[PDB]
Amino acid sequence: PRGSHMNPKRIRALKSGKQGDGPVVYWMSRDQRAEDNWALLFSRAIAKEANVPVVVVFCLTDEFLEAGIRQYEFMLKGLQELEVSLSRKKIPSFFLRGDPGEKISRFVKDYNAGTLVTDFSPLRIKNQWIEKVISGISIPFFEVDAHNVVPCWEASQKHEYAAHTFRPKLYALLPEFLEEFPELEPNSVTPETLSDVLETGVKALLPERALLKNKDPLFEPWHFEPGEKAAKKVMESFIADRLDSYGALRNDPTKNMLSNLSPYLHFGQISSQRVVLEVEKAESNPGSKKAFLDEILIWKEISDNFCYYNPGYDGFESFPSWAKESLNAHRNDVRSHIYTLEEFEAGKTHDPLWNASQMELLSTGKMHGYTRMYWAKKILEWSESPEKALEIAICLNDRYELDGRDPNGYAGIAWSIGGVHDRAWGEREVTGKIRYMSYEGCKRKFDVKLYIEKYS
DNA sequence: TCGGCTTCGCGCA
DNA sequence: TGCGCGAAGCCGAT
Ligand SMILES: Cc1cc2nc3c(=O)[nH]c(=O)nc-3n(C[C@H](O)[C@H](O)[C@H](O)COP(=O)(O)OP(=O)(O)OC[C@H]3O[C@@H](n4cnc5c(N)ncnc54)[C@H](O)[C@@H]3O)c2cc1C
């Protein structure tokens with residue numbers, strides 16, 4: 001569909017039909033940004049070919065009642081900034097509330113849209129809304145992978161067992177798909193308040209806030225400023241100040257040496273392709289660059305591959321056969337400790353390291369990358385069953401992580417609990433052959449006491 | 001039918 | 001601290 005700097009492999013047709021005479025509508029769900037957005041760029045070019053304006057629509061669903069205020073404010077503040085950025089390019093933004101299967105279909109008929117475009121997400125609920133929209137529209141419907149450097153349907157046609165199988169396929173396609181982003185051309189043709197939605201949502205989630213003993217909320221919202229502009233600053237400071245030491249200190253939670261890009265990446269407020277562009281371009285430690293690129297290319301996009309080809313990505317069924325057989329045989333093993341969801345949530349276990357990790361999660365909304373494994377694996381060790389462990393880890397992850405409700409989270413938990421994209425290890429009690437992590441193992445890798453003292 | 005697996009623990013300089 | 005081995009099942013190159 002036209003374009004010179006436009007790889008057609010990034011766009012797939014969800015529904016064919018006659019192209020209407022109205023504006024092209026970009027249904028934005030996952031990539032909430034104005035710059036470095038292939039889905040937004042693809043909508044602009046098609047609208048340019050038909051001599052029609054492009055508009056962006058966002059549907060606020062009821063799914064924010066399952067998470068907390070920390071994610072709601074972070075997303076809403078970014079949308080307010082994105083609304084002004086799109087208005088400067090004469091691109092109006094419409095914010096709907098309700099079921100997208102009904103609101104998008106009503107919007108497309110009322111505004112007489114000619115072409116519908118949306119970004120890609122392998123999550124189950126996104127596919128359900130797509131199927132409802134297809135059944136309610138008669139105009140072409142397109143889907144664009146704006147989140148991965150290589151389109152998810154292009155990197156692999158099947159579920160990938162391990163990184164070492166998926167790595168050569170991704171890197172082989174890098175010279176074709178790693179490219180600079182063209183500038184978003186403003187519209188040539190012009191034709192609910194987010195403040196009220198922010199106020200209404202906060203009041204609804206206020207009773208379910210995470211409070212302390214003296215009725216003070218735990219969340220500290222000054223650690224990550226939301227928005228597309230603030231995402232850019234985080235990327236710059238990582239390359240200038242932290243990228244050099246990333247390879248050596250990525251597994252040290254006492255050192256702030258991570259990129260801290262996961263909140264922005266999850267909400268689409270910054271493009272991982274843009275980050276990869278800047279990282280590939282910087283002169284830094286070759287070991288550190290390879291260590292970071294593997295996280296943001298291999299492990300990030302293989303989490304999409306996992307969720308896209310495994311509809312039960314959040315269930316015990318998706319675990320590899322050796323893992324399911326191992327965990328099943330140890331179901332009757334006596335657990336040293338058994339904690340409920342409430343006890344896990346409040347950090348009331350016998351392990352100060354686990355409790356400290358939970359307190360980082362509650363107070364900052366971003367647990368360090370290394371402790372997230374120890375956190376999830378100890379949940380498996382101190383729960384009734386593998387099923388109860390999975391649901392507890394998923395519940396706590398999505399409720400308190402800024403980057404939660406994400407394919408990285410589900411693949412990250414499946415790695416820790418079911419050994420997905422992992423291999424078998426020493427046979428043990430309760431965890432079977434799943435990779436084991438111990439408190440003493442953390443002690444020899446970083447100052448555990450400093451991490452504990454930082455979070456009580 | 002071998003080689004080597006994100007990210008393990010553990011003994012040893 | 002950094003290094004090498006152990007423990008374990010399997011994909012993918014042939
Ligand atoms: C049990 C568990 C749960 C997790 N929960 C989430 C989650 O809810 N959401 C989320 O985005 N990630 C999650 N992670 C993956 C990873 O820990 C985070 O991406 C990382 O901690 C975010 O911090 P960072 O961006 O500063 O890390 P960096 O080291 O700077 O990572 C750079 C980027 O690479 C990607 N990445 C890094 N590590 C991984 C990984 N292990 N798997 C996949 N992609 C990765 C992310 O996009 C990340 O932003 C989880 C991992 C585990 C083991």
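These numbers come from the heavy atoms of this one structure, side chains and all, not from hydrogens, waters or symmetry mates. Every chain is numbered from 1 and lettered A, B, ... according to where its sequence line falls, protein lines coming before strand lines.
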- request: Assign each of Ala248(A) and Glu427(A) to its nearest nucleotide of DNA chain C by heavy atoms, then name whichever residue's nucleotide is nearer the 5' end.
  value: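 Here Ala248(A) is the residue nearer the 5' end.
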Please determine if a side-chain N or O atom of [X] lies less than 4.0 Å away from the OP1 or OP2 oxygen of [N].
| X | N | answer |
| --- | --- | --- |
| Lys433(A) | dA7(C) | no |
| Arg250(A) | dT7(B) | no |
| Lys445(A) | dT7(B) | no |

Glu295(A) CD to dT6(B) P, straight-line distance once rounded to whole Å: 11 Å
- prompt: Which whole-number value in Å describes the distance from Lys377(A) NZ to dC8(B) P?
  reply: 10 Å
For DNA chain B, stems built from three or more consecutive Watson-Crick or G-U wobble pairs below 3.5 Å: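 Output for stems: B:2-5 with C:9-12, B:8-13 with C:1-6.
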statement: So salt bridge (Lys or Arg N to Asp or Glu O under 4.0 Å) across residues 310-321 of chain A, not counting sequence neighbours, yields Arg124(A)-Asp314(A), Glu317(A)-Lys324(A)
Criterion ring pair (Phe, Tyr, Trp, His ring centres under 6.0 Å) against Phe74(A), the qualifying member of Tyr264(A), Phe64(A), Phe219(A): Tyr264(A)
Which side the sugar of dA7(C) sits on, once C1'-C2'-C3'-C4' is checked for sign: south
field: Rounded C1' spacing from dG11(B) to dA7(C) in Å
entry: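 Pairwise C1' distance, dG11(B) against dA7(C), rounds to 15 Å.
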Classify the ring geometry between [X] and [Y] as parallel (under 30°), tilted (30 to 60°) or perpendicular (over 60°).
| X | Y | answer |
| --- | --- | --- |
| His421(A) | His159(A) | parallel |
| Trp382(A) | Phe344(A) | parallel |
| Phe95(A) | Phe58(A) | tilted |
| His350(A) | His337(A) | parallel |

message: Is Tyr161(A) stacked against the base of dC10(C), taking the criterion as centroid distance under 5.5 angstrom and interplanar angle under 30°?
response: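 So no, this residue does not stack on that base, at least one cut-off failing.
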- prompt: Any idea which of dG9(B), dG12(C), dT7(B) is nearest the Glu160(A) side chain?
  reply: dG12(C)
N/O-N/O pairs, protein side and nucleotides 3-5 of chain B side, under 3.5 Å:
| unit_1 | atom_1 | unit_2 | atom_2 | d |
| --- | --- | --- | --- | --- |
| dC5(B) | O3' | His164(A) | ND1 | 3.2 |

field: Spacing of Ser272(A) atom OG and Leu297(A) atom CG [to the nearest 0.5 Å]
entry: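 Answer for the OG-CG pair, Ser272(A) versus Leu297(A), is 7.0 Å.
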query: Is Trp322(A) touching bases, backbone alone, or none of the nucleic acid, heavy atoms closer than 4.0 Å?
result: sugar-phosphate
